[PDB]
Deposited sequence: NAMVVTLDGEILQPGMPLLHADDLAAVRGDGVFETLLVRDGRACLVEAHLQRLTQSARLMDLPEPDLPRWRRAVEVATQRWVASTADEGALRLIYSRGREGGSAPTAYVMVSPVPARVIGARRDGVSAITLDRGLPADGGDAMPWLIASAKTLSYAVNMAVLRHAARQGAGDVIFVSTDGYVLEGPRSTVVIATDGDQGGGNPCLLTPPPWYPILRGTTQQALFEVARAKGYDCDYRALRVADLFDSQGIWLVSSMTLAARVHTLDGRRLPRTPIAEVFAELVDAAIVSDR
């Protein structure tokens, strides 16, 4: 993995970057984004910088200096592209800094795309529904839970995936306590339904806004597909024509098995993968 700080330093081999009292490690107190490097450029940089800006505000962090973030992104991207034509996993790390420090910690990291990602794009995954512990109205009633902020505090997110993995499941769909579909621990849920229309849970739910899904909605609408934000329940996933877990690095992963029920493949599954591909280069 390559590291470029916002200062402009490109980090030494094997050398540590963060002090032992950084709020990122001691408290997970920060925000982050993940981007896909494909064909010489990071995808949807501006839209991801906006969501990083939104997460930092919800976290009472200083407003991100976008020219400096763009330079670290550029430098890190080109260092990756120079070494390989392979795709790149680009992440932005933005923590509150050190305990008592006066400056946030900020750097850019590019790493290889995991082998799990290629299988998820090609074969899809099997998923189970798990209770989130939050009601669907929780986002409105409890803004202090900052459920819309993409923070560095992902311990539960990985714990949920480890739980599902032990049961033979490759991913998870979170369901609210009152039975509404929310999101995945690392993805946005999108559904295909017949009048073919695309549907995703509303963003006032205690969920993260999906940058890649939003771009998919614009490209799909332009190609004639209706797209909307709707309250979905577990029955809507089972009666759907397709379920995808949409994210920035893992672009689209169709759910071929949900709670043990094998799901049929449908013609839209072929065109769905081409819509996301056109969406993540829609800014070029």
query	finding
Stretches of the record's deposited sequence for which the structure holds no C-alpha atoms	1, 197-202
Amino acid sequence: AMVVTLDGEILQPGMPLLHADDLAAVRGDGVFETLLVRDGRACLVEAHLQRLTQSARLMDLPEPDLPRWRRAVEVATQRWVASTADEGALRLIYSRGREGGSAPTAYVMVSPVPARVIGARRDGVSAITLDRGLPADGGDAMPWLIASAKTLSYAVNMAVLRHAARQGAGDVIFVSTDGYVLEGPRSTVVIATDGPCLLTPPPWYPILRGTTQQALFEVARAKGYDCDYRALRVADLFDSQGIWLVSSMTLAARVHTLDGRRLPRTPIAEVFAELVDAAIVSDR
From here on, numbers count along this sequence of modelled residues.
property: Average Cα temperature factor in the PDB entry - higher stretch of 238-246, 218-226; result: 218-226
property: Residue stretch of maximal mean CA temperature factor, 95-103 vs 117-125; result: 95-103
property: Residue selected from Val175, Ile191, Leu208, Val156 by maximal Cα B factor; result: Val156
property: Position of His48 among the chain's modelled residues by C-alpha B-factor, lowest, middle or highest third; result: lowest
property: Position of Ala231 among the chain's modelled residues by C-alpha B-factor, lowest, middle or highest third; result: middle
property: Ranked C-alpha temperature factor of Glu63 among modelled chain residues, by third; result: highest
property: Cα B factor band for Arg254 (lowest, middle or highest third within the chain); result: lowest
property: Where the record places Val281 (Cα B-factor, split into thirds across the chain); result: middle
